[PDB]
Every structure is written in structure tokens, then in C-alpha cells.
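Quick setup: one chain, the form deposited in one PDB entry, written in C-alpha cells, and binding and motion questions come after.
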């Protein structure tokens, strides 16, 4: 396990575990304070006794995280054992997920473009490292209190090599999964680009396509239907960004690097600092109730 700490280190001493902020890839996630620096962190806690077929996946997740050095990937600080519980210390992103920031109401196209541009920067980094996220969706897109946008939850992240230029494993969240991943055909990083497209619709409309239906229906709906399109009063460049991602033929989908030059992004995206308005809005909203 990369970043595994000295097992004599007691994380209950080194860290103040605060409120739960979410349920994660495995186990729960908490807000916490690093007791040495007084920096806030995120703590993922997993019971190893309450495992197992997950520990390979937990190894794999932590391995992948430890191999990423990008402003666009959640930082991983190390892991601690406390009796049966694994404490995974993560970068704390105080804005929550893009999905949280949607709860007060719709995004405008500038905010959508900005968030998509930053996701594309993350996807470009990952894909350049032959890594595939495979669970891109709004809930896995996090923001710092400054409005920086980062990719999270590498629970099902894949790795490509010289040997394996392609993967076949059935992973992801159904609504966001690419048809070729659902069919377990040979696939690569283009799968993430399909997921990005679904996420673009999610960011624009609040939900992915087929969100009313039972997840098992999409197992045939997605491979046999025409891809979703963004329906509603949204700009033509936003609709074409979505369609460019959502092609059933993976070689017809652009790369992350290409989509960064897409007209929707260029014409509408602004500096990420402006996303603070979106976090302030969430605050005010969450005040009431």
C-alpha cells in the first residue's frame, strides 16, 4: 500500500475527525483537521474486517492516486491503520462537488464551460498518463473554496500499458457509462469522453439522461439507442460539445486535448476564481433549511 504510514502512528491522535461529509468509494468520508499543521483534510475510513472483495480495489485506488501529481487530481497524503480501520488522508475540497453546487439551482453557461474546461484539463493529464477515470460524473468533480476544479474518486480507475493498450472491465455508474464499456468491448480513454458528455448534460440540466428509469434498463437502452442529446434552450455550441462527446463510435469522439479548443469552451469559459460565486450561493442556500 503506497503511502502506508508507520503502523505505530495513531491517526486518532494525528487527526481530529469531524463531521461526515460523504460516503465514498468504500467506507465513509469525513472532514478532519491535521493536528500538526491545522490544515483541514478529508478522511476516508474503511473497515478492513467489514471487507472483502474491495481491498484489491482499495489498493488499486490508492496506487492510482499516489501516482497522480496534478492540480486537477485530489492529492493523497498517506494512509494509517487504526485497529481494523484504514484512514485514507485526502486533500480537502471545501466547495463540495459540482453536484452539490447544483442543488440551489441551474448553472449558467459560463459556469458550465469553466467546470468542463477544468475537467478536460484533468482528463488530459490522466489520459496522457495512460490512466482512465471511468467514473466521471458531477459528484466526482470537486471544488476548492477558491473555485479550483478537481477530479475525485478513483475507485474504478484503469491503467493502460504496453501490454494492455485497452480494457474490457464493466465499471462505472450506469447512467454515465459508455456503450462500449457496458458491452465490455475493448475500450480506452474515449470512454471518459462519453462520460464527460453525460456530465455536460448533467451540469446543464441537473441530471443525466434516463435518470428517471431503473439503472438496469440503461444496460440495453444505452447500447441499442441513439446517443442522448442536450434538449432545451441551451446554446448551439453547448449542444454540439455534448454531441461531440456522445457518439456511439469512440474513434469519432475528440480527445480531451481537442475539446479544450472547442468553441463552447473558448467562447464561454472564464477564470475559475469566478466559481466562488457558485460556492457562496450554496452557502446562502444551505443557511436556510
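By rigid core we mean the largest C-alpha set that fits within 1.5 Å across both forms. Numbering follows the first chain given and starts at 1.
- Taking the mean C-alpha B-factor of each stretch as recorded, 258-266 and 217-225 are not equal, and the higher mean is that of 217-225.
- Just going by the entry, 233-241 versus 50-58 on mean CA temperature factor gives the higher value to 50-58.
- Per the deposited record, 212 carries the highest C-alpha B-factor of all listed residues (188, 212, 207, 135).
- For the set 110, 195, 140, 159, the PDB entry puts the maximum C-alpha B factor at 159.
- Ranked by Cα temperature factor within the chain, residue 128 sits in the middle third according to the deposited record.
- In the PDB entry, residue 76 places in the middle third of its chain by CA B-factor.
- Residue 249 sits in the middle third of its chain by CA B factor, as recorded in the PDB entry.
- Among the modelled residues of the chain, residue 29 sits in the middle third by CA temperature factor in this PDB entry.
- Split the chain's modelled residues into thirds by C-alpha temperature factor. Residue 146 is in the middle one.
Keep in mind that the form deposited in another entry is not shown, yet the notes after this line are about it.
- Fit the rigid core and compare the CA positions between the shown form and the other one: of 183, 82, 130, 217, just 82 moves by 2 angstroms or more.
- Relative to the superposed rigid core, residue 243 undergoes a CA displacement smaller than 2 Å between the shown form and the other one.
- In the core-superposed comparison between the shown form and the other one, the C-alpha atom of residue 260 has shifted by less than 2 angstroms.
- Relative to the superposed rigid core, residue 35 undergoes a CA displacement of at least 2 Å between the shown form and the other one.
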